[PDB]
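Heads up: the structure comes next, in structure tokens.
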Amino acid sequence: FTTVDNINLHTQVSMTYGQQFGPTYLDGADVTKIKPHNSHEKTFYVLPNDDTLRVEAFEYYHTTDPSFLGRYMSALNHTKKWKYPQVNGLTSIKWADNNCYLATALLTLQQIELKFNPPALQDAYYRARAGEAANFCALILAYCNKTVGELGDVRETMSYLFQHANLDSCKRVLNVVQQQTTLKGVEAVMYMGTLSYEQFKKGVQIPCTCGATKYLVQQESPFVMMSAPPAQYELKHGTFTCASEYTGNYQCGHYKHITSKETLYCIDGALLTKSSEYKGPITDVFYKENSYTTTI
Ligand SMILES: Cc1ccc(OCCN(C)C)cc1C(=O)N[C@H](C)c1cc(-c2cnn(C)c2)cc(-c2cncs2)c1
Ligand SMILES: [Cl-]
Ligand SMILES: [Cl-]
Ligand SMILES: [Cl-]
Ligand SMILES: [Zn+2]
Ligand SMILES: [Zn+2]
Ligand SMILES: [Zn+2]
Ligand SMILES: [Zn+2]
Ligand SMILES: [Zn+2]
């Protein structure tokens, strides 16, 4: 049977699989060169060749890029080989093929409230919290055009993931000095420049178009992401939801994830380290907000 979304299966009935069905993938491995066998007979992924499959493909993945299915299947061939151990109630990834940014992003995703627009992302996202995050990690690579082993940046991975999610209800009003602007969607949840969410509310010096300082006026969202170039940062118990640590040179460095439970927990792959106070190089800090109205 040939399916493009795995929730809409179509029946089909020597000649290589590629000449019969086009590009054919079984369990994330190309069987285009492979011939039919009595063992193969099952369910095979195929790039859509008719409008019925093209419509079903968009309904599940929300993309029409034909290379998407091939890159997703190729990424899935590696992710299912990875082990996904659960540490401190969170589904992480055992480090393999430079996935330190994937695991840090996966740990951060389970702790922020997010609804994905494509059903493929959402179904795998629920499966990811359950412990089966193979399809979810492969989809992340496919939507981000990143390949397995490629060096990935967490705040960029989040940026593309936030674009494929419902952030319409998120909103941010910023005033720079008196001129205030409104940011909606991904811009409302992300800011590059500083890690302290308090500093963002108090004001940050920004280049004036005339010459200014930038302060937050209103924030209606379920969370806020604060990004900055990697620098030594002090993390206190209860001030942050989670953070991402970067230790190394540009692109080459390793990614580590710190979360704030009853004590600060630090997750590197499958390893977990606990400390009451943690000071280290941090590039992204995540904060939980529901509504903010400035006192200014
Ligand atoms: C792992 C990785 C993979 C891919 C990747 O791609 C980026 C290019 N992209 C456009 C495709 C980046 C990274 C990556 O090293 N990220 C860390 C967080 C980082 C960031 C920044 C940074 C971000 N903004 N500014 C203004 C500075 C600086 C450094 C360092 C500089 N000197 C020593 S460390 C490290
Ligand atoms: Cl879309
Ligand atoms: Cl989408
Ligand atoms: Cl918080
Ligand atoms: Zn969409
Ligand atoms: Zn691999
Ligand atoms: Zn001015
Ligand atoms: Zn404490
Ligand atoms: Zn790494």
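Just remember, in the structure tokens the first chain shown is A, the second B, etc., residues are 1-based per chain, and ligands are 1-based in the order shown.
With the cut-off set to 6 Å and only C-alpha atoms and all ligand atoms counted, the residues surrounding ligand 5 are residues 62, 117 and 118 of chain A.
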Need the shell around segment 194-207 of chain A: protein/DNA/RNA residues with any atom at most 12 Å away, counting only C-alpha atoms. Skip same-chain ones fewer than 3 positions apart. Format as a VMD selection string?
chain A and resid 172 to 177 189 to 191 210 to 219 223 to 236 239 to 245 281 to 289 292 to 296
Ligand 1: which residues are within 6 Å, counting only C-alpha atoms and all ligand atoms, as a list in words?
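Result of the 6 Å neighbour search around ligand 1: residues 151, 152, 153, 229, 230, 246, 248, 249, 250, 251, 252, 253 and 283 of chain A.
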Would you save the residues of that selection, restricted to N, CA, C and O atoms, as a PDB file, in the first residue's frame?
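Contents of out_18.pdb, as written:
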ATOM      1  N   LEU A 151      25.837  21.090  11.585  1.00  0.00           N
ATOM      2  CA  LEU A 151      25.864  21.908  12.790  1.00  0.00           C
ATOM      3  C   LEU A 151      24.658  22.839  12.807  1.00  0.00           C
ATOM      4  O   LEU A 151      24.451  23.616  11.869  1.00  0.00           O
ATOM      5  N   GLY A 152      23.863  22.757  13.870  1.00  0.00           N
ATOM      6  CA  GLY A 152      22.625  23.506  13.967  1.00  0.00           C
ATOM      7  C   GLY A 152      22.621  24.435  15.166  1.00  0.00           C
ATOM      8  O   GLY A 152      23.197  24.130  16.212  1.00  0.00           O
ATOM      9  N   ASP A 153      21.966  25.579  15.000  1.00  0.00           N
ATOM     10  CA  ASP A 153      21.840  26.579  16.048  1.00  0.00           C
ATOM     11  C   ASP A 153      20.448  26.497  16.661  1.00  0.00           C
ATOM     12  O   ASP A 153      19.448  26.389  15.945  1.00  0.00           O
ATOM     13  N   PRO A 229      24.533  36.576  22.303  1.00  0.00           N
ATOM     14  CA  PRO A 229      25.785  35.865  22.026  1.00  0.00           C
ATOM     15  C   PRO A 229      26.292  35.170  23.275  1.00  0.00           C
ATOM     16  O   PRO A 229      26.121  35.684  24.391  1.00  0.00           O
ATOM     17  N   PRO A 230      26.907  33.996  23.130  1.00  0.00           N
ATOM     18  CA  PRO A 230      27.289  33.200  24.309  1.00  0.00           C
ATOM     19  C   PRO A 230      28.230  33.958  25.233  1.00  0.00           C
ATOM     20  O   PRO A 230      29.303  34.411  24.827  1.00  0.00           O
ATOM     21  N   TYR A 246      26.091  26.996  25.584  1.00  0.00           N
ATOM     22  CA  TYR A 246      26.983  26.782  24.452  1.00  0.00           C
ATOM     23  C   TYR A 246      28.422  26.909  24.928  1.00  0.00           C
ATOM     24  O   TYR A 246      28.818  27.960  25.444  1.00  0.00           O
ATOM     25  N   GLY A 248      32.063  26.302  23.316  1.00  0.00           N
ATOM     26  CA  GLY A 248      32.937  25.983  22.207  1.00  0.00           C
ATOM     27  C   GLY A 248      33.027  27.145  21.238  1.00  0.00           C
ATOM     28  O   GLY A 248      32.518  28.237  21.494  1.00  0.00           O
ATOM     29  N   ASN A 249      33.693  26.880  20.118  1.00  0.00           N
ATOM     30  CA  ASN A 249      33.844  27.879  19.074  1.00  0.00           C
ATOM     31  C   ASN A 249      32.590  27.934  18.204  1.00  0.00           C
ATOM     32  O   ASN A 249      31.689  27.097  18.308  1.00  0.00           O
ATOM     33  N   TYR A 250      32.541  28.948  17.340  1.00  0.00           N
ATOM     34  CA  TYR A 250      31.400  29.145  16.456  1.00  0.00           C
ATOM     35  C   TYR A 250      31.142  27.893  15.630  1.00  0.00           C
ATOM     36  O   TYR A 250      32.071  27.303  15.070  1.00  0.00           O
ATOM     37  N   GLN A 251      29.874  27.477  15.586  1.00  0.00           N
ATOM     38  CA  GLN A 251      29.429  26.265  14.900  1.00  0.00           C
ATOM     39  C   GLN A 251      29.990  24.995  15.536  1.00  0.00           C
ATOM     40  O   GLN A 251      29.262  24.011  15.704  1.00  0.00           O
ATOM     41  N   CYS A 252      31.273  25.004  15.906  1.00  0.00           N
ATOM     42  CA  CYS A 252      31.920  23.786  16.385  1.00  0.00           C
ATOM     43  C   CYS A 252      31.465  23.398  17.788  1.00  0.00           C
ATOM     44  O   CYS A 252      31.536  22.219  18.152  1.00  0.00           O
ATOM     45  N   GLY A 253      31.000  24.361  18.581  1.00  0.00           N
ATOM     46  CA  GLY A 253      30.756  24.107  19.986  1.00  0.00           C
ATOM     47  C   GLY A 253      29.596  23.162  20.237  1.00  0.00           C
ATOM     48  O   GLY A 253      28.765  22.888  19.370  1.00  0.00           O
ATOM     49  N   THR A 283      23.480  31.050  25.839  1.00  0.00           N
ATOM     50  CA  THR A 283      23.084  31.823  24.669  1.00  0.00           C
ATOM     51  C   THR A 283      21.591  32.113  24.616  1.00  0.00           C
ATOM     52  O   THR A 283      21.197  33.159  24.090  1.00  0.00           O
TER      53      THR A 283
END
Can I get the residues of chain A within 12 Å of ligand 2, each with the closest pair of atoms and their distance in Å to one decimal, using only C-alpha atoms and all ligand atoms, sorted chain first then ascending number, as CSV?
residue,atom,partner,partner_atom_place_in_ligand_line,distance
A:57,CA,ligand 2,1 (Cl),11.6
A:58,CA,ligand 2,1 (Cl),8.0
A:59,CA,ligand 2,1 (Cl),9.0
A:60,CA,ligand 2,1 (Cl),10.2
A:61,CA,ligand 2,1 (Cl),8.4
A:62,CA,ligand 2,1 (Cl),4.7
A:63,CA,ligand 2,1 (Cl),6.4
A:64,CA,ligand 2,1 (Cl),9.1
A:65,CA,ligand 2,1 (Cl),11.5
A:116,CA,ligand 2,1 (Cl),11.1
A:117,CA,ligand 2,1 (Cl),7.9
A:118,CA,ligand 2,1 (Cl),7.8
A:119,CA,ligand 2,1 (Cl),11.3
A:143,CA,ligand 2,1 (Cl),11.7
A:163,CA,ligand 2,1 (Cl),9.8
A:164,CA,ligand 2,1 (Cl),7.8
A:165,CA,ligand 2,1 (Cl),9.9
A:166,CA,ligand 2,1 (Cl),11.2
For N, CA, C and O atoms, I'd like the residues from the last selection saved as a PDB file, in the first residue's frame.
ATOM      1  N   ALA A  57      -0.709  15.168   1.049  1.00  0.00           N
ATOM      2  CA  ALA A  57       0.623  15.526   1.523  1.00  0.00           C
ATOM      3  C   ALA A  57       0.624  16.897   2.186  1.00  0.00           C
ATOM      4  O   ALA A  57       1.239  17.082   3.243  1.00  0.00           O
ATOM      5  N   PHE A  58      -0.058  17.871   1.580  1.00  0.00           N
ATOM      6  CA  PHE A  58      -0.103  19.205   2.166  1.00  0.00           C
ATOM      7  C   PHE A  58      -0.943  19.230   3.435  1.00  0.00           C
ATOM      8  O   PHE A  58      -0.635  19.983   4.365  1.00  0.00           O
ATOM      9  N   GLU A  59      -2.004  18.422   3.492  1.00  0.00           N
ATOM     10  CA  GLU A  59      -2.858  18.410   4.676  1.00  0.00           C
ATOM     11  C   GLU A  59      -2.110  17.912   5.904  1.00  0.00           C
ATOM     12  O   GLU A  59      -2.463  18.272   7.032  1.00  0.00           O
ATOM     13  N   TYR A  60      -1.079  17.093   5.710  1.00  0.00           N
ATOM     14  CA  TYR A  60      -0.318  16.523   6.814  1.00  0.00           C
ATOM     15  C   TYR A  60       0.986  17.261   7.080  1.00  0.00           C
ATOM     16  O   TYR A  60       1.381  17.406   8.240  1.00  0.00           O
ATOM     17  N   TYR A  61       1.659  17.749   6.034  1.00  0.00           N
ATOM     18  CA  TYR A  61       2.970  18.363   6.183  1.00  0.00           C
ATOM     19  C   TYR A  61       2.989  19.868   5.957  1.00  0.00           C
ATOM     20  O   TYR A  61       3.924  20.528   6.421  1.00  0.00           O
ATOM     21  N   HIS A  62       1.997  20.419   5.254  1.00  0.00           N
ATOM     22  CA  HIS A  62       1.908  21.859   4.989  1.00  0.00           C
ATOM     23  C   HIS A  62       3.099  22.359   4.174  1.00  0.00           C
ATOM     24  O   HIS A  62       3.626  23.448   4.415  1.00  0.00           O
ATOM     25  N   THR A  63       3.526  21.564   3.195  1.00  0.00           N
ATOM     26  CA  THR A  63       4.568  21.990   2.273  1.00  0.00           C
ATOM     27  C   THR A  63       4.375  21.271   0.946  1.00  0.00           C
ATOM     28  O   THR A  63       3.856  20.152   0.897  1.00  0.00           O
ATOM     29  N   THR A  64       4.780  21.939  -0.132  1.00  0.00           N
ATOM     30  CA  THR A  64       4.710  21.374  -1.471  1.00  0.00           C
ATOM     31  C   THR A  64       6.084  21.108  -2.068  1.00  0.00           C
ATOM     32  O   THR A  64       6.170  20.672  -3.221  1.00  0.00           O
ATOM     33  N   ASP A  65       7.152  21.362  -1.320  1.00  0.00           N
ATOM     34  CA  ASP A  65       8.501  21.051  -1.767  1.00  0.00           C
ATOM     35  C   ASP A  65       8.635  19.549  -1.993  1.00  0.00           C
ATOM     36  O   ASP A  65       8.518  18.775  -1.029  1.00  0.00           O
ATOM     37  N   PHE A 116       1.509  23.069  17.039  1.00  0.00           N
ATOM     38  CA  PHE A 116       2.023  23.071  15.678  1.00  0.00           C
ATOM     39  C   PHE A 116       0.883  23.025  14.670  1.00  0.00           C
ATOM     40  O   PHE A 116      -0.105  22.310  14.859  1.00  0.00           O
ATOM     41  N   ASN A 117       1.034  23.798  13.589  1.00  0.00           N
ATOM     42  CA  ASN A 117       0.003  23.816  12.552  1.00  0.00           C
ATOM     43  C   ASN A 117      -0.029  22.524  11.742  1.00  0.00           C
ATOM     44  O   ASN A 117      -1.126  21.966  11.560  1.00  0.00           O
ATOM     45  N   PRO A 118       1.085  21.999  11.227  1.00  0.00           N
ATOM     46  CA  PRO A 118       1.019  20.743  10.468  1.00  0.00           C
ATOM     47  C   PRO A 118       0.682  19.575  11.376  1.00  0.00           C
ATOM     48  O   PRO A 118       1.286  19.414  12.447  1.00  0.00           O
ATOM     49  N   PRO A 119      -0.285  18.741  10.985  1.00  0.00           N
ATOM     50  CA  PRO A 119      -0.607  17.561  11.803  1.00  0.00           C
ATOM     51  C   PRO A 119       0.560  16.604  11.975  1.00  0.00           C
ATOM     52  O   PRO A 119       0.637  15.921  13.004  1.00  0.00           O
ATOM     53  N   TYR A 143      11.993  20.259   7.976  1.00  0.00           N
ATOM     54  CA  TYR A 143      11.446  21.604   7.845  1.00  0.00           C
ATOM     55  C   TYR A 143      12.519  22.683   7.912  1.00  0.00           C
ATOM     56  O   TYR A 143      12.284  23.800   7.439  1.00  0.00           O
ATOM     57  N   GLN A 163       7.796  29.485  13.340  1.00  0.00           N
ATOM     58  CA  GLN A 163       7.093  29.885  12.126  1.00  0.00           C
ATOM     59  C   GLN A 163       6.033  28.865  11.728  1.00  0.00           C
ATOM     60  O   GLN A 163       5.000  29.238  11.159  1.00  0.00           O
ATOM     61  N   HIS A 164       6.267  27.582  12.015  1.00  0.00           N
ATOM     62  CA  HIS A 164       5.321  26.516  11.709  1.00  0.00           C
ATOM     63  C   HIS A 164       4.407  26.196  12.886  1.00  0.00           C
ATOM     64  O   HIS A 164       3.995  25.041  13.056  1.00  0.00           O
ATOM     65  N   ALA A 165       4.075  27.194  13.703  1.00  0.00           N
ATOM     66  CA  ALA A 165       3.227  27.001  14.870  1.00  0.00           C
ATOM     67  C   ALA A 165       2.273  28.181  14.997  1.00  0.00           C
ATOM     68  O   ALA A 165       2.440  29.217  14.349  1.00  0.00           O
ATOM     69  N   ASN A 166       1.260  28.013  15.843  1.00  0.00           N
ATOM     70  CA  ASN A 166       0.239  29.038  16.051  1.00  0.00           C
ATOM     71  C   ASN A 166       0.752  30.032  17.084  1.00  0.00           C
ATOM     72  O   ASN A 166       0.686  29.786  18.291  1.00  0.00           O
TER      73      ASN A 166
END
List all protein, DNA and RNA residues that have any atom at most 9 Å from ligand 9, counting only C-alpha atoms and all ligand atoms, and write the list as an NGL selection string.
:A and (95-101 or 151 or 252-256)
Option closest in space to ligand 8, from A:247, A:237, A:133, A:279 [counting only C-alpha atoms and all ligand atoms]
A:237
How would you write, as a ChimeraX atom specification, the set of residues no farther than 10 Å from ligand 8 when counting only C-alpha atoms and all ligand atoms?
/A:236-239,260-264,276-277
Just-selected residues, C-alpha atoms written as a PDB file, in the first residue's frame:
ATOM      1  CA  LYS A 236      18.956  31.379  39.795  1.00  0.00           C
ATOM      2  CA  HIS A 237      16.345  28.906  41.016  1.00  0.00           C
ATOM      3  CA  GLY A 238      12.897  29.823  39.708  1.00  0.00           C
ATOM      4  CA  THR A 239      13.909  32.803  37.554  1.00  0.00           C
ATOM      5  CA  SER A 260      14.914  24.855  36.663  1.00  0.00           C
ATOM      6  CA  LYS A 261      13.113  22.270  38.790  1.00  0.00           C
ATOM      7  CA  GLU A 262      13.311  22.065  42.583  1.00  0.00           C
ATOM      8  CA  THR A 263      17.033  22.466  41.862  1.00  0.00           C
ATOM      9  CA  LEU A 264      18.807  23.449  38.657  1.00  0.00           C
ATOM     10  CA  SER A 276      21.679  24.526  43.345  1.00  0.00           C
ATOM     11  CA  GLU A 277      23.344  27.382  41.435  1.00  0.00           C
TER      12      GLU A 277
END
Write out as a PyMOL selection string which residues come within 7 Å of residue 268 of chain A when counting only C-alpha atoms, dropping same-chain ones fewer than 3 positions away.
chain A and resi 256-257+271-272
Residues of segment 34-277 of chain A classed as strand (DSSP E) by DSSP on the backbone are to be reported as a PyMOL selection string.
chain A and resi 44-46+86-87+90-91+171-176+179-184+190-192+204-205+213-220+224-235+242-247+254-260+264-268+271-275
Report the residues of segment 77-192 of chain A whose backbone DSSP state falls under alpha helix (DSSP H), written as JSON, numbers by chain.
{"A": [77, 78, 79, 100, 101, 102, 103, 104, 105, 106, 107, 108, 109, 110, 111, 119, 120, 121, 122, 123, 124, 125, 126, 127, 128, 129, 130, 134, 135, 136, 137, 138, 139, 140, 141, 142, 143, 154, 155, 156, 157, 158, 159, 160, 161, 162, 163, 186, 187, 188, 189]}
Please identify the residues whose atoms come within 7 Å of ligand 6, using only C-alpha atoms and all ligand atoms, and report them as a VMD selection string.
chain A and resid 78 to 79 81 97 148
Find the residues around residue 23 of chain A up to 8 Å (only C-alpha atoms counted), leave out those fewer than 5 positions away in its own chain, and share them as a list in words.
residues 17, 18, 30, 31, 32, 46 and 47 of chain A
Nearest to residue 77 of chain A by atom-to-atom distance, counting only C-alpha atoms, from A:147, A:111, A:180, A:92
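The shortest atom-to-atom distance to residue 77 of chain A comes from A:147.
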Within 10 Å of residue 12 of chain A, counting only C-alpha atoms, which residues show up once you throw out same-chain ones fewer than 5 positions away? Write them as a ChimeraX atom specification, please.
/A:1-3,20-21,43
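Distances to ligand 3 were evaluated for A:69, A:114, A:130, A:161 using only C-alpha atoms and all ligand atoms, and the minimum falls at A:161.
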A:91, A:140, A:158, A:146 ranked by distance to residue 128 of chain A, top pick (using only C-alpha atoms):
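Going through A:91, A:140, A:158, A:146 one by one, the smallest distance to residue 128 of chain A is for A:91.
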When you look at residue 145 of chain A with a cut-off of 9 Å (counting only C-alpha atoms), what residues show up, excluding the ones that are within fewer than 3 positions of it in the same chain? I need them as a list in words.
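Residues near the query, excluding close chain neighbours: residues 68, 71, 140, 141 and 142 of chain A.
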May I have the residues within 9 Å of residue 90 of chain A as a list in words, using only C-alpha atoms and disregarding those fewer than 2 positions away in the same chain?
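Neighbouring residues, sequence-local ones excluded: residues 85, 86, 87, 88, 92, 106, 107, 110, 111, 129 and 131 of chain A.
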Convert the current residue selection to file output with N, CA and C atoms, as an mmCIF file, in the first residue's frame.
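The resulting part24.cif:
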data_model
loop_
_atom_site.group_PDB
_atom_site.id
_atom_site.type_symbol
_atom_site.label_atom_id
_atom_site.label_comp_id
_atom_site.auth_asym_id
_atom_site.auth_seq_id
_atom_site.Cartn_x
_atom_site.Cartn_y
_atom_site.Cartn_z
ATOM 1 N N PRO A 85 16.594 8.498 25.728
ATOM 2 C CA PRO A 85 16.354 8.242 27.150
ATOM 3 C C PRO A 85 15.611 9.397 27.799
ATOM 4 N N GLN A 86 14.793 9.060 28.791
ATOM 5 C CA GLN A 86 14.044 10.051 29.552
ATOM 6 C C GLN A 86 14.822 10.392 30.816
ATOM 7 N N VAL A 87 15.117 11.676 30.999
ATOM 8 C CA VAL A 87 15.864 12.164 32.150
ATOM 9 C C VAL A 87 15.031 13.229 32.851
ATOM 10 N N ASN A 88 14.802 13.033 34.149
ATOM 11 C CA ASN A 88 14.032 13.961 34.977
ATOM 12 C C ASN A 88 12.675 14.267 34.343
ATOM 13 N N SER A 92 14.910 13.171 26.208
ATOM 14 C CA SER A 92 16.129 13.708 25.625
ATOM 15 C C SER A 92 16.617 12.781 24.514
ATOM 16 N N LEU A 106 14.659 19.760 21.856
ATOM 17 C CA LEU A 106 13.594 18.840 22.245
ATOM 18 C C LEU A 106 13.252 18.982 23.723
ATOM 19 N N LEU A 107 14.269 19.123 24.577
ATOM 20 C CA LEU A 107 14.017 19.330 26.000
ATOM 21 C C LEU A 107 13.309 20.656 26.244
ATOM 22 N N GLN A 110 9.340 20.476 25.305
ATOM 23 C CA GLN A 110 8.434 19.840 26.254
ATOM 24 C C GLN A 110 8.079 20.753 27.419
ATOM 25 N N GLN A 111 8.851 21.817 27.641
ATOM 26 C CA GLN A 111 8.628 22.722 28.759
ATOM 27 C C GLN A 111 7.954 24.027 28.357
ATOM 28 N N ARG A 129 6.711 13.704 23.483
ATOM 29 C CA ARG A 129 6.539 13.763 24.930
ATOM 30 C C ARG A 129 6.315 12.378 25.522
ATOM 31 N N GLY A 131 7.876 9.720 24.559
ATOM 32 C CA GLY A 131 9.136 9.004 24.517
ATOM 33 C C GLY A 131 9.552 8.535 23.141
#
